[PDB]
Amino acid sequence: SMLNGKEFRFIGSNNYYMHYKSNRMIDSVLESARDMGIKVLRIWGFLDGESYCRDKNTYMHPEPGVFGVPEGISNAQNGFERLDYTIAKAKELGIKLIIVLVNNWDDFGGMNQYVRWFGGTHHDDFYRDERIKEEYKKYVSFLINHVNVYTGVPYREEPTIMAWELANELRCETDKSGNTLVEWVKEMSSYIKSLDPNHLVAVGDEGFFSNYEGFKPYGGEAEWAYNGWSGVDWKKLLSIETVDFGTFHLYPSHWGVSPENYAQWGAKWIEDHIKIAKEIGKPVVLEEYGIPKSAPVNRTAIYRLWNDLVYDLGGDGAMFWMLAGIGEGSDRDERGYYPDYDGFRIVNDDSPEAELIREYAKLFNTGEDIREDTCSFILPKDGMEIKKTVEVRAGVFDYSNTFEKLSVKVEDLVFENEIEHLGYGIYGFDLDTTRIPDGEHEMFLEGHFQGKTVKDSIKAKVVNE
């Protein structure tokens, strides 16, 4: 007995405003997901604290024991009604939802809002004070037992909900043994299963490791993500019997990785998580990943690599942060979309990232594997001004298993002998740009495969003077 008892694979995304925006905005996100082949959307199922609820004119958990709009307030939205609408519309369109129950971070209140309600002084009191645990349990029970006003079906019985997730990006830096979070996750996941035996439960953490033999970061960067600093012991969490699948997130630019290493670091992070998920024997989902648009790299090429690895290595899902749709009011940009406030937004438009997502959705959804051999510059980014020595990075995407060698041409120079494989199909070398005159130049990438050449080119402006 299960509402989603078939291990399926998917491309997914995230959207955090599905519980407080208008029907038109919600419809736009879900229709965009359907049109793009995105089968699962990860959404927030929380709005904690009176100030956060006021800010969005939408009430879910403004005070302890208050689940909805408080007394005394007119013209307010109810976040459960907005979630009910989202679920009903997702159901109509065939989209499944992962509903996250609290935020590690302060956005929409988060753990610290609970700490403030109960007179605590530290974020990590959220995991330890029984009164806070009890209030989280009361909130989760209210949500699981809620009857959707549009469908008439309680959330406990709703197959459109794919999974409950305990906490977005939970961390417990005050206990680097990992034990505080193991105990909390065991307690809360067991509690959810006691109320709802029908749905998958997952943690929602970023996937940090805690000094596992043989697992170190690519390039020695972001050691904190591998050494237990955040209080997350991913392998111990995945071993909890009431946790059905593992989650991990990926943001090399937030975590101290250098741009020349974003692609490989993320690739190794993905492979390491799939390897450890296999060691435990449970499925895994890359449930958030992103590169900011302003980063000095080819984002689409990096996303292509990361999605290739999730698919080829047997991961169950890859979900980008984040999908948006049409905007309204102050949350509307010049093109009519919800704005790209963080540099990660993807919409159903004519971007290369959107086209990549559409392609990969078919691959995950039906195994439609028509990937074609490709090579792309990763650094520099097209149109960049460059000077002194540049660490050129290129990806080779070899689906036919016929790749032989890579070359790069700039003016009369042919780089091939010094191009080094850096792992995962990423190649690199140092280009001393003082060898070429200042000005605009085309850089040509040639992937030599058996029986064909595949190409990429970018323009760069050399500005040594």
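We number the residues from 1 along the sequence you see.
- Mean CA temperature factor is higher for 376-384 when stretches 352-360 and 376-384 are set side by side in the entry.
- In this entry, 404-412 shows the higher mean Cα temperature factor of the pair 56-64 and 404-412.
- Highest C-alpha temperature factor among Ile370, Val243, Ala88, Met319 per the entry: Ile370.
- For the set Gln113, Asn307, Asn78, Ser258, the PDB entry assigns the largest Cα B-factor to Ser258.
- In this PDB entry, the Cα temperature factor of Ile11 sits in the bottom third of its chain's modelled residues, the lowest group.
- Per-chain ranking of the deposited C-alpha B factor places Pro154 in the middle third.
- Among the modelled residues of its chain, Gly325 has a C-alpha B-factor that falls in the middle third according to the deposited record.
- In this PDB entry, the Cα temperature factor of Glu134 sits in the middle third of its chain's modelled residues.
- Sorting the modelled residues of the chain by their CA temperature factor places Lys452 in the highest third.
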